[PDB]
2 protein chains.
Amino acid sequence: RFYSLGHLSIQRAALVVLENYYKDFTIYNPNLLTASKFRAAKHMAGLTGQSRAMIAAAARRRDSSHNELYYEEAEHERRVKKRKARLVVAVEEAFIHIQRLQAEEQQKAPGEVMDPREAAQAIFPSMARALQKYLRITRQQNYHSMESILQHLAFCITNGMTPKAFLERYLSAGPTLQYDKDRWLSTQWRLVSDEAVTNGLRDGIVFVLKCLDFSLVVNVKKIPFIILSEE
Amino acid sequence: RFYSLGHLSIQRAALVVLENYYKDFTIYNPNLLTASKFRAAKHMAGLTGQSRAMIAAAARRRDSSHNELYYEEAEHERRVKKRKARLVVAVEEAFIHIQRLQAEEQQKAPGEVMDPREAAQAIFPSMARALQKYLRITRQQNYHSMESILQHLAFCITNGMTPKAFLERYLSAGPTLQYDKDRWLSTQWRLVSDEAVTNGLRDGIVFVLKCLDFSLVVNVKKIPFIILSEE
Ligand SMILES: CC(C)CCC[C@@H](C)[C@H]1CC[C@H]2[C@@H]3CC=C4C[C@@H](OC(=O)CCC(=O)O)CC[C@]4(C)[C@H]3CC[C@]12C
Ligand SMILES: CC(C)CCC[C@@H](C)[C@H]1CC[C@H]2[C@@H]3CC=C4C[C@@H](OC(=O)CCC(=O)O)CC[C@]4(C)[C@H]3CC[C@]12C
C-alpha cells in the first residue's frame with residue numbers, strides 16, 4: 001500500500017500506517033503460510049564455482065520438469081467457483097424462505113414485525129452446509145463464527161439486504177475491522193528503526209512495525225521536484 | 001483381434017494369424033515401449049503381512065498424489081492436434097501449388113503431361129518442415145522415409161487424389177503392408193506351444209508366435225452350443 005504524509009515523526013508515521021492498516025490491508029491468513037511451508041518442506045525432507053554450476057544445472061533441469069503448481073491451482077479455482085455457485089444458490093433459496101416466512105407472519109398480526117432472531121435460527125441450517133464447505137475451501141472458517149453469521153443474517157433481515165450483499169462478506173477476505181474485536185490485537189505492536197523515533201521523516205529511511213507472527217516494512221521516499229512549464 | 005477358424009493344425013492356425021497380422025494389426029512402434037520404460041525406470045532409480053500393509057499404504061498415498069500423466073497427455077494431444085492442423089494447411093497449400101504448376105505447364109505443350117517427379121521435387125520442401133514436425137511429435141519419422149514420401153506424392157499426383165488422402169497415410173499408424181518391404185520380417189517368426197504342433201485345434205489351448213522384440217499370444221476357444229427355438 002502507498003500513502004502520502006507530511007512532516008511527521010517516525011512514531012507518528014508508524015501510528016498512521018497502523019491505523020490505515022486495519023481499513024486498507026487484507027486480513028492476515030496464516031493458512032496460506034502453513035500451506036507454503038508444507039510445500040517448501042518437501043525439498044528439505046528430500047535432502048564455489050562448481051557449486052554454482054551444479055545449482056544452475058539443477059534449476060535448468062527443474063525448469064523442464066512438470067508444472068505441478070499450475071494444474072492444482074486451476075483445480076482449486078474450479079472447486080472454489082463451483083462451491084461459490086452452490087453457496088449463492090443456497091443463499092438465494094434461504095432468502096426466498098425468509099420472504100415466505102415474513103409473508104406468512106404478515107397475516108398473523110398487522111403492525112407487529114417478527115424478531116429476526118428466530119428467523120435466522122430457522123433459516124441458518126438450510127445454508128449451513130454450503131457455507132461451511134465454502135469456508136473450508138477458502139480457509140475462512142476460523143474468522144467467521146456461527147454466532148457472527150447469525151448476527152449478520154439478522155442484521156441483513158432488519159435492513160432487507162439482497163442475498164449478494166450477505167454473500168460478498170464471506171466471499172473474499174477483506175479489512176480487519178469487519179471481523180470481531182478479539183481478532184485484531186493493538187497491544188503487541190512494536191517499532192524497529194535504526195534512527196531514533198523522535199526524529200522527523202527523511203528520504204531513504206526504512207522502519208518496521210512488528211506484531212505477532214507478522215511485520216510491516218515501511219519505506220519513506222521524498223516526492224521529486226516537479227517542474228511545470230506552459231508548453 | 002478375433003478370428004474364426006475351422007479344424008486346422010496349430011501350424012496352419014499360426015500361419016493364418018501371421019498373414020492376418022500384416023493387414024489387421026497396427027504397425028509395432030518401439031518408441032512407445034521406450035517411453036514406458038523411461039517412465040518406469042524412475043521408480044527403480046528412486047529405490048509378509050507387514051509388507052502387504054506397507055505397500056497398501058503406499059498405494060493409498062499414491063492415489064492421493066498429483067495425476068501427472070493426465071495433464072501431460074492432454075498437452076501432448078493438444079500439440080499433436082495443432083501440428084496436424086498446420087500440416088493439413090501446408091499440404092493444402094502444396095496441392096494448390098501443384099495445381100498452379102499443372103495449369104502453367106498446360107499452356108506450354110498440349111497433350112504432353114509433365115512427369116510428376118520434378119513436381120514432387122519442387123513441392124516437397126514447402127511441406128517438409130511441417131511433415132518432419134508431425135513425424136517427430138508422432139514418433140513416425142523412422143517408418144516414413146524421404147524417398148517414400150516423394151514416391152507417395154508422385155503417386156497421388158498421378159491419381160489426382162485429394163490432400164486428405166495424402167494426409168491420412170501419415171496421420172496415424174496403420175497396417176504393416178503400407179510401409180516398405182524391409183520394415184517387416186517374415187523369417188524370424190517362431191512357434192511356441194506345449195502341445196505338439198501336428199495336433200489339431202482344441203478348446204483351451206494357447207500358443208505364442210515369437211518374433212524380434214515382440215510376441216503374439218493366441219488363445220483358442222470353442223464356439224458354444226447355440227440352441228434356437230421358434231418362440
Ligand atoms: C530570543 C528567543 C525568542 C529565541 C527562542 C528560540 C526558539 C525559536 C528555539 C529554542 C528551542 C527550540 C526548540 C528546541 C527543540 C525542538 C525539538 C525538535 O524536534 C525534532 O527535531 C523532531 C520534530 C521535527 O521533526 O520537527 C524540533 C524543533 C524544536 C521544537 C525547537 C524549535 C525552536 C526553539 C523553540
Ligand atoms: C480297410 C481299410 C480301407 C482301412 C483304411 C483305414 C483308414 C481309414 C485310416 C488308416 C490310417 C489313417 C490315418 C492315420 C493318420 C492320420 C493323421 C492324423 O493327423 C492328425 O491327427 C492331425 C490333423 C487333424 O487335426 O486332423 C489325422 C488322421 C489320419 C489322416 C488318419 C485318417 C484315417 C486313416 C487313413
# chains A, B, ... in the order shown; residues from 1 in each chain; ligands from 1
$ interface_residues --of "chain A" --to "chain B" --cutoff "9 Å" --atoms "only C-alpha atoms" --output "PyMOL selection string"
chain A and resi 66+68+71-72
$ residues_near_ligand --ligand "ligand 1" --cutoff "8 Å" --atoms "only C-alpha atoms and all ligand atoms" --output "count of residues only"
7
$ atom_distance --atom1 "atom CA of residue A:22" --atom2 "atom CA of residue A:176"
5.0 Å
$ select_by_dssp --residues "stretch 4-208 of chain A" --states "strand (DSSP E)" --output "list in words"
residues 190, 191, 192, 206, 207 and 208 of chain A
$ residues_around --residues "residue A:105" --least-positions-apart "4" --cutoff "8 Å" --atoms "only C-alpha atoms" --output "PDB file with N, CA, C and O atoms, in the first residue's frame"
ATOM      1  N   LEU A 101     -41.587 -16.706   4.921  1.00  0.00           N
ATOM      2  CA  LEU A 101     -41.905 -16.664   6.345  1.00  0.00           C
ATOM      3  C   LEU A 101     -42.435 -15.297   6.752  1.00  0.00           C
ATOM      4  O   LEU A 101     -43.383 -15.200   7.540  1.00  0.00           O
ATOM      5  N   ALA A 109     -50.455 -11.093  12.354  1.00  0.00           N
ATOM      6  CA  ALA A 109     -50.651  -9.867  13.117  1.00  0.00           C
ATOM      7  C   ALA A 109     -50.152  -8.663  12.328  1.00  0.00           C
ATOM      8  O   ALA A 109     -48.978  -8.616  11.938  1.00  0.00           O
ATOM      9  N   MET A 114     -42.021  -9.527  13.225  1.00  0.00           N
ATOM     10  CA  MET A 114     -41.386 -10.581  14.000  1.00  0.00           C
ATOM     11  C   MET A 114     -39.922 -10.246  14.260  1.00  0.00           C
ATOM     12  O   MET A 114     -39.281  -9.522  13.492  1.00  0.00           O
TER      13      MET A 114
END
$ residues_around --residues "residue B:189" --least-positions-apart "2" --cutoff "9 Å" --atoms "only C-alpha atoms" --output "MDAnalysis selection string"
chainID B and resid 18 185:187 191 209:212
$ atom_distance --atom1 "atom CA of residue A:82" --atom2 "atom CA of residue A:28"
24.9 Å
$ select_by_dssp --residues "stretch 26-170 of chain B" --states "helix (DSSP H, G or I)" --output "PyMOL selection string"
chain B and resi 30-46+49-63+68-108+116-138+146-159+163-170
$ atom_distance --atom1 "atom CA of residue A:222" --atom2 "atom CA of residue A:24"
22.4 Å
$ closest_residue --among "B:12, B:81, B:62, B:39" --to "ligand 2" --atoms "only C-alpha atoms and all ligand atoms"
B:12
$ residues_around --residues "residue A:121" --least-positions-apart "6" --cutoff "12 Å" --atoms "only C-alpha atoms" --output "ChimeraX atom specification"
/A:94,98,115,127-128,146-147,149-151,153-154
$ closest_residue --among "B:197, B:93, B:32, B:17" --to "ligand 2" --atoms "only C-alpha atoms and all ligand atoms"
B:197
$ closest_residue --among "A:181, A:97, A:79, A:152" --to "residue A:122" --atoms "only C-alpha atoms"
A:97
$ closest_residue --among "B:125, B:4, B:13, B:87" --to "ligand 2" --atoms "only C-alpha atoms and all ligand atoms"
B:13
